[PDB]
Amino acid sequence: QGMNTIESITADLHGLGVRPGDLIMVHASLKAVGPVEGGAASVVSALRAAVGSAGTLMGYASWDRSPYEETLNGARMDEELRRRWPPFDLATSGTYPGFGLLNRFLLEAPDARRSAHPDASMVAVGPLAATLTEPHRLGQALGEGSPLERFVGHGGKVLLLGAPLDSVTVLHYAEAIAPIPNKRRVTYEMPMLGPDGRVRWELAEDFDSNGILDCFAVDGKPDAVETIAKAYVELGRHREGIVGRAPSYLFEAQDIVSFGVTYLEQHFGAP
């Protein structure tokens, strides 16, 4: 039909390998998925149907008003602002649109929870929701201690619904743990909520999310996430298929992270 349905999307997910009980991190382009009856909310319903009440869904929500670049690497932050930057509120603050409209609807799903790192904020729904979303500290955006580390430890799977291979966020965790030199770092500041005296701008120091090494940080050229995912795809371990009208991928998170660490060691462990 012109519009896929909750049930037809659930069938496509199952055919791609999603199973009841799974922990799924989703990156979607809902335009690639195409019209579904009831819109993006019905895509969440289908995913929930696919993983059952025991499964957990997860998404990279971030924040539509994050001051990442405005505070990046000791930038003179322009107090022209006079600090009326909107506070990061877990329930009301918007998601970063670049990571997909679906994260807004995961947030609206029943009993969904959201992590407190404003720039790296994660949404999760299901038994593992609090486990995944707490703790989430400045300086632990995507690496050790982050929700990504626990997503990998709990056997998560990465679902791309028409999103490109560079959107595989769990490979930022592989970047963080890979025993190689010359890894790039950044610094920025975020409005925290500390000892309930409102906003306290606090500082983070973390690995660079836009290029872990110099050669991966060039514009117009593949970053490490894309480079590694493409190389991993050649093994034929992942699953591919259509969901709705979107070319889609399902990856085992432990395996692609382990591949990514191996890849980075074999290629950049020399310097």
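For every residue, the number given is its place in the sequence shown, counted from 1.
**Student:** Would you mind comparing 109-117 and 150-158 for me and telling me which has the higher average C-alpha temperature factor in the entry?
**Tutor:** The recorded data point to 109-117.
**Student:** Taking the mean of the C-alpha B-factors per stretch from the entry, tell me the winner out of 82-90 and 169-177.
**Tutor:** Higher mean C-alpha B-factor: 82-90.
**Student:** Can you pull the Cα B-factors for 226, 234, 202, 240 from the entry and say which is highest?
**Tutor:** Largest recorded C-alpha B-factor: 202.
**Student:** In the PDB entry, which of 163, 142, 129, 190 has its C-alpha at the highest B-factor?
**Tutor:** In this record, 190 carries the highest C-alpha B-factor of the candidates.
**Student:** Residue 125: which third of its chain by C-alpha temperature factor?
**Tutor:** Tercile = lowest for this residue's CA B-factor.
**Student:** Ranking the modelled residues of this chain by C-alpha B-factor as given in the entry, is residue 71 in the lowest, middle or highest third?
**Tutor:** Answer is highest: the recorded C-alpha B-factor places it there.
**Student:** How does residue 45 rank on Cα B-factor within its chain, lowest, middle or highest third?
**Tutor:** Tercile = middle for this residue's CA B-factor.
**Student:** Check where residue 221 lands among this chain's C-alpha B-factors and tell me if it's the lowest, middle or highest third.
**Tutor:** Highest third - that is where residue 221 ends up once the chain's C-alpha B-factors are sorted.
**Student:** Per the entry's values, where does residue 212 land by CA temperature factor relative to the rest of its chain, in the lowest, middle or highest third?
**Tutor:** Within its chain, residue 212 is a middle-third residue by C-alpha B-factor, going by the deposited values.
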